[PDB]
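Quick note, the sequences are listed as chains A, A', Z and Z', same order. A prime marks a further copy of an entry chain.
Taking the entry's author numbering, the leading residue of the first sequence gets 209, the next gets one more, and so forth.
Taking the entry's author numbering, the leading residue of the second sequence gets 209, the next gets one more, and so forth.
Taking the entry's author numbering, the leading residue of the third sequence gets 312, the next gets one more, and so forth.
Taking the entry's author numbering, the leading residue of the fourth sequence gets 312, the next gets one more, and so forth.
Virtual Cβ for every residue (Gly too), placed ideally from N, Cα, C.
Below is one structure, written out as structure tokens; the observations come after it.
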Amino acid sequence: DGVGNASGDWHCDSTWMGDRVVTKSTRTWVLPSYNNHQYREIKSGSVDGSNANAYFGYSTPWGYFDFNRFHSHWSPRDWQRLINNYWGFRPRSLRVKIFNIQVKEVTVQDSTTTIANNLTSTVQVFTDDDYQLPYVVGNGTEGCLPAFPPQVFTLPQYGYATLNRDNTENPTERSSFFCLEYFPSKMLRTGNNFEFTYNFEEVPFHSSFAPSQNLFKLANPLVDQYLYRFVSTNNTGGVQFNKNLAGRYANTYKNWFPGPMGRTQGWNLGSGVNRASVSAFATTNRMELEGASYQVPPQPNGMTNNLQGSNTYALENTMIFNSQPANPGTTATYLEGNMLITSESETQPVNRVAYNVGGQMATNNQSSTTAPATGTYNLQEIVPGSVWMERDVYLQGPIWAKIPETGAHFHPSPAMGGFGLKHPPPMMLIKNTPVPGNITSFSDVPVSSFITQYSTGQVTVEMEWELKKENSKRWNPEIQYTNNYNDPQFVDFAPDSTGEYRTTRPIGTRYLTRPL
Amino acid sequence: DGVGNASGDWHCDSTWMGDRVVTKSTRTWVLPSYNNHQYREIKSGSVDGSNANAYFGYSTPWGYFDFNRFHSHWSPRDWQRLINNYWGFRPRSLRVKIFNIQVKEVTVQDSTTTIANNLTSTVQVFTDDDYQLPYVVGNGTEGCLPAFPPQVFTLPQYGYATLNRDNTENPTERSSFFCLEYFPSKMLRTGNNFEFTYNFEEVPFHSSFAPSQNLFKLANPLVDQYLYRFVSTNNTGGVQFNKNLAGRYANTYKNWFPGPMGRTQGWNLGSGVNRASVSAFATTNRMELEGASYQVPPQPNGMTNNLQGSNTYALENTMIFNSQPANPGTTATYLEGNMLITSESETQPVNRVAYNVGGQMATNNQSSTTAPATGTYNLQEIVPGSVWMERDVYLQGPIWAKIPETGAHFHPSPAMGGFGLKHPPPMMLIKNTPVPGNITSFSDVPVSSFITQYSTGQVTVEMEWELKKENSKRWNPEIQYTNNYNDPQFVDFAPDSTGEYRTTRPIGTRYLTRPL
Amino acid sequence: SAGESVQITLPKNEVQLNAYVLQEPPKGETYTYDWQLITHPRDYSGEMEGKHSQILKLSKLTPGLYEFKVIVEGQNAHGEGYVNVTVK
Amino acid sequence: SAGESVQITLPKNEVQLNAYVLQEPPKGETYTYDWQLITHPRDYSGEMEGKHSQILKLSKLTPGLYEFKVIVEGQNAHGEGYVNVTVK
């Protein structure tokens with residue numbers, strides 16, 4: 209339309225309408241001109257003594273919008289309203305809007321650096337709707353819409369790794385290059401706006417409740433089982449049985465089993481002595497792939513990293529966030545006091561404890577001459593009639609992940625939590641259209657001098673979520689997420705005296721309970 | 209619309225149409241970028257030796273429109289036309305408009321400080337229609353549309369106090385943070401405008417008349433009462449009566465009583481000696497709340513601060529204005545010559561005098577051995593069959609106050625005068641949308657360098673008022689507000705030689721009289 | 312800045328106020344003082360003579376508080392003093 | 312730039328930090344130091360006194376990592392140092 213008319217309005221809200229809730233968020237973004245308008249091939253060799261660190265890829269001059277964190281859509285208080293009242297939820301639709309664009313030209317003649325706005329410049333924008341480009345959004349990386357609405361953010365630069373050859377920096381004949389200018393995009397001048405809608409594919413509700421019963425003790429403690437059990441042999445070797453009594457859960461027959469587990473190492477937070485001067489890496493859990501060794505946090509779903517009322521944590525089975533945002537490439541050594549360490553202790557009635565052995569079993573064949581022997585195991589995968597709880601979602605965590613296209617997968621639920629999607633919300637890429645400097649003669653060699661500039665604008669995301677109403681018959685009152693602080697020095701989830709947003713705790717999702 | 213077309217026109221007027229009068233005011237406002245775009249948590253401890261001064265709250269980067277002063281809508285001359293002819297009035301509707309916006313960018317490179325206008329910048333605006341935010345408008349604070357139409361004003365910064373813990377600067381677990389960007393707002397570029405309408409809820413007419421009779425002398429001075437009164441006991445103790453004679457008002461039986469009173473201290477203005485070298489604070493009237501002691505001017509309604517034709521004033525039962533506007537945070541010691549001290553002497557026939565005792569009463573039980581004793585009282589609250597007059601409204605005073613939501617109140621009429629409203633004219637907030645400076649690299653840390661800028665525009669308020677026609681049968685002429693000055697050196701309510709607006713007197717509202 | 316406060320009484324009122332600034336410059340460089348009356352009694356009609364000079368003259372002072380603000384600037388040196396007058 | 316890292320323990324916490332810059336100027340030219348707390352424990356409420364001075368004073372330090380960034384500039388000479396504090 210025009211220069212003196214606004215292309216959209218500010219919307220931040222939450223509208224609860226029974227079975228649905230609609231969240232809206234608007235933020236102000238700024239977009240730098242990345243790479244100075246060109247593609248570069250980026251690469252690395254073996255860094256920090258690990259060739260799993262090697263890669264080969266491309267950085268592009270595009271930036272993208274990333275809103276795959278819950279705090280980008282939920283306020284602390286609406287999150288509390290959700291986890292204290294519902295049993296589950298899932299995303300239904302998405303609507304995005306980019307508007308009020310402003311391109312600024314920057315000129316640094318004689319160290320004066322003046323910023324003027326360029327009314328005729330454009331930004332290009334497109335969404336990759338067929339998933340033809342490497343999807344980098346759901347991998348726990350930075351650059352999402354901020355938690356707090358008044359914050360202004362920088363869009364991150366799009367880049368991707370393709371195939372490297374033999375754990376070195378070199379490409380292979382299969383490494384691909386994707387040119388993003390090879391997709392159709394819209395061009396927007398200062399009076400233009402971009403709009404985009406999306407519907408999620410039917411996914412299972414997240415389970416925002418904790419189990420009120422232990423999986424191995426579902427039998428009625430008042431009645432005995434009509435099943436018996438082998439309990440020994442007499443002085444001659446003949447077998448003897450005993451009836452499974454009422455409430456002797458250590459012996460009853462079971463119908464269901466706990467989920468898969470792979471033992472992780474346990475460390476003590478706060479009080480609780482640990483081995484001094486250790487170097488985690490050398491002894492962490494790894495998986496090999498293409499000849500290299502990778503750490504695999506947070507480990508696959510089906511375990512619990514903490515046992516309620518204990519300070520031992522299987523740290524690599526844990527999501528660890530920082531209480532605040534950090535600068536790029538920081539190598540500082542943070543301590544427990546700076547972190548937001550999550551705990552999955554409310555799944556312990558169903559998920560095995562990560563730092564303990566998973567059980568034991570027969571190692572030999574007993575005979576008149578050999579005594580029965582058993583041996584414990586450290587890992588155990590899926591068996592039939594197995595049940596576990598998926599990892600929890602936090603307000604500061606990720607909403608979805610793309611399920612990789614390979615044609616074969618098992619139980620597509622991402623290790624970091626959230627929804628696993630075949631076709632997730634498409635990537636939205638954006639860049640400042642290049643504007644050439646003063647060029648006076650002809651050359652077949654591509655132009656390399658540009659006017660420096662950047663853009664800024666507003667972005668609105670509108671998500672509809674479907675809720676699963678809590679339907680309990682528990683008599684006594686439940687546990688609820690509550691604002692409880694002893695002698696607060698500042699309000700949590702609010703700006704402090706400096707104006708910086710504070711958050712002292714990770715807020716999970718399981719407060720309500722249910723009988724198994 | 210566009211850059212070269214104006215978004216609205218200038219309207220200043222007063223249209224009297226019988227039972228209604230419609231006032232229109234347009235002013236030019238300027239809006240600074242407050243706090244540099246961020247929320248800050250503000251707080252204070254015990255200041256000036258009083259912990260009632262402690263607080264905890266938040267300043268925001270928003271400013272607001274405040275038109276809750278009568279002089280924002282009435283000219284001195286229309287005010288005179290109202291108070292000399294009507295018995296009452298009340299507000300009916302409100303219409304507000306913000307237009308002709310202009311955002312200016314300020315650059316101070318090499319001490320040159322140049323101001324250019326930025327055609328693509330926005331201001332955000334919204335009205336809090338559900339009263340979800342702390343309402344700070346009706347509390348006698350500055351920043352309203354000016355009295356004189358040519359004056360340009362700065363919008364004040366929105367801030368609020370929430371709960372502090374134990375009369376200290378610390379918050380409590382109940383202290384709340386309100387993010388204003390969490391409401392839906394409009395964005396306006398230089399060609400846009402904002403419009404908003406409101407209807408007041410049926411309120412009682414203000415009473416702009418003085419009583420022509422004294423409440424204790426409503427009986428006909430020509431007839432005696434058919435009621436008698438105890439006047440003494442004879443030498444034996446037997447009781448004796450006397451008929452209540454005609455016009456002996458000190459003894460008649462009464463049906464109605466004066467309003468509530470709490471004794472305030474009386475001081476002499478002009479001629480009239482006072483105690484020398486006093487420090488008011490230590491002996492002023494206080495109310496305790498949460499463990500702290502607060503001064504409570506102007507005291508609750510139902511008293512008179514001055515007795516007509518006297519120079520003794522119960523100063524804390526008085527509204528004291530300055531003859532002119534002052535700078536922020538002035539600690540100067542003003543004298544009577546600089547003030548506009550209001551007087552409620554025209555309510556004396558119905559309201560008790562604040563610096564005198566309220567009456568007296570029985571303290572013992574008389575018997576043959578003890579003589580009847582009595583004791584005076586300094587405070588007396590509401591009794592049944594009590595009548596009083598509310599405080600008057602002045603041209604330089606407040607129009608309305610929000611009645612606090614608590615579920616329980618008595619006679620919701622604000623101590624400072626005006627209308628008490630359940631749902632008052634919603635707050636209108638406004639701010640300059642932030643525009644980031646030159647940002648060249650990505651960071652997850654929020655942007656903190658902005659282009660400095662400010663905005664300006666016009667604001668039009670249109671209020672409809674309903675009038676109560678004066679219907680008297682008084683024969684002799686009445687008192688009227690009149691422009692009377694002996695040897696004027698300058699015209700009052702006009703700009704002086706310097707161009708600054710002068711006002712030498714508070715103009716109340718009661719000139720007309722009525723029999724009780 | 313400073314905050315020199317003066318006081319007077321009785322019928323007499325006409326008074327003159329000088330200006331004192333620190334870091335006095337050379338004879339070749341004179342400053343252009345400027346006085347601003349920021350607060351005065353509501354009755355005060357009076358006048359101000361020689362504002363741009365060092366001495367501002369006041370006449371016809373009615374009882375009350377008077378707030379002034381002299382501003383002294385020059386070549387790379389802005390400044391100002393404050394003065395309160397109280398009449399009884 | 313530099314990266315001086317300090318450490319403390321026990322209940323004591325209140326500490327002060329000075330600023331050291333290379334290429335020290337003349338007495339007539341003093342710089343305006345500026346401190347910025349870029350990382351602190353989530354519990355840290357504390358305060359910062361004398362930021363624009365050479366010595367920043369800290370009080371009420373809870374256990375964790377503290378990241379500071381003093382910036383020293385003057386006439387044609389911008390600069391800055393970095394400092395980490397670790398409390399046990």
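- Segment contact: the region 336-344 of chain A' against the region 301-314 of chain A', fewer than three CB-CB distances shorter than 8 Å; contact not assigned.
- Under the 7 Å criterion on CB atoms, Z:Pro336 is classed as non-interfacial with respect to chain A'.
- One thing to note: A':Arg228 has its Cβ no nearer than 7 Å to the Cβ of A:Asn213.
- Among the residues of the region 376-389 of chain Z', those with a Cβ less than 8 Å away from any Cβ of chain A are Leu376, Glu378, in the order of the chain.
- Between Z:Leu333 and Z:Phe379, the beta carbon gap of about 18 Å keeps them out of contact (Cβ cut-off 8 Å).
- Along the region 350-365 of chain A, the positions whose C-beta sits under 9 Å from a C-beta of chain A' are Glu350, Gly351, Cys352, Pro354, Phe356, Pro357, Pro358, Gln359, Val360, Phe361, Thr362, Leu363, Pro364, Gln365, read in chain order.
- Chain A has a Cβ within less than 7 Å of the Cβ of Z':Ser356.
- At a cut-off of 7 Å between beta carbons, A:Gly346 makes no contact with chain A'.
- The residues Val411, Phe413, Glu674, in chain order, have a CB closer than 6 Å to that of A':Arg298 in the same chain once the five nearest residues on each side in sequence are set aside.
- Interface annotation for the region 529-544 of chain A against chain Z': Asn530, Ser531, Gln532, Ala534, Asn535, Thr538, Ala540, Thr541, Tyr542, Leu543, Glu544, criterion Cβ-Cβ distance under 9 Å.
- If you check the CB distance, A':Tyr266 and A':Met635 do not come in under 7 Å.
- At least 7 Å separates the beta-carbon of A':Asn293 from that of A':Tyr689.
- Using beta-carbon distances, A':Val314 does not count as an interface residue toward chain A, since no partner is under 7 Å.
- If you check each beta-carbon in the region 695-710 of chain A' against every beta-carbon of chain Z, the ones closer than 7 Å belong to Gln697, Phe698.
- A':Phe386 is the residue among A':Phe386, A':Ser531, A':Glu496 whose C-alpha sits nearest the C-alpha of A':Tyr368.
- Within the same chain, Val314, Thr315 come within 8 Å of A:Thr321 by CB-CB distance, once the 5 residues on both sides are set aside.
- Proximity to A':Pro696 across A':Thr712, A':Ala616, A':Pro357, A':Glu708 peaks at A':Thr712, based on C-alpha coordinates.
- Closer than 7 Å to the CB of A:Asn546 there is at least one CB belonging to chain Z'.
- By the CB criterion at 7 Å, A:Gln568 and A:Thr582 fall inside the cutoff.
- At a cut-off of 7 Å between beta-carbon atoms, A:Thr712 makes contact with chain Z'.
- Taking 3 residues as the minimum length, the beta strand (DSSP E) runs contained wholly in the region 591-670 of chain A are 608-610, 627-629, 636-640, in order along the chain.
- Residue pairing by DSSP places A:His414 opposite A:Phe297 in a beta bridge.
- Interface annotation for the region 336-352 of chain Z against chain A': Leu348, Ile349, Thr350, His351, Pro352, criterion Cβ-Cβ distance under 9 Å.
- In this structure, A:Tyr521 is the residue among A:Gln503, A:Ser329, A:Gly517, A:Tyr521 with its C-alpha nearest to the C-alpha of A:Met511.
- Beta-bridge partners of Z:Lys380 (DSSP): Z:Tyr393.
- The shortest CA-to-CA distance from Z:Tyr393 to any of Z:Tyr331, Z:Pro322, Z:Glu325, Z:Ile319 is the one to Z:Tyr331.
- A:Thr717 has its alpha-carbon roughly 21 Å from the corresponding atom of A:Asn519.
- Distance between A':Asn452 and A':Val431, taken at the CA atoms: about 10 Å.
- With at least 16 other beta carbons inside 10 angstroms of its own, A:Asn401 counts as buried.
- Under the DSSP assignment, A:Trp237 falls in the beta strand (DSSP E) whose first and last residues are 228-239.
- According to the DSSP secondary-structure assignment, A:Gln310 is paired through a beta bridge with A:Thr664.
- Residue contact check for Z':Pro374 against chain A: a CB pair falls below 7 Å.
- Annotated three-state conformation of A:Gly566 is coil, per DSSP.
- In the three-state reduction of the DSSP assignment, A':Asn692 falls in the coil class, being assigned neither a helical nor a strand state.
- Using a Cβ distance threshold of 7 Å, A:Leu543 and Z':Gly357 do not count as a contacting pair.
- Put simply, the backbone Cα of A':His279 is about 24 Å away from that of Z:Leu348.
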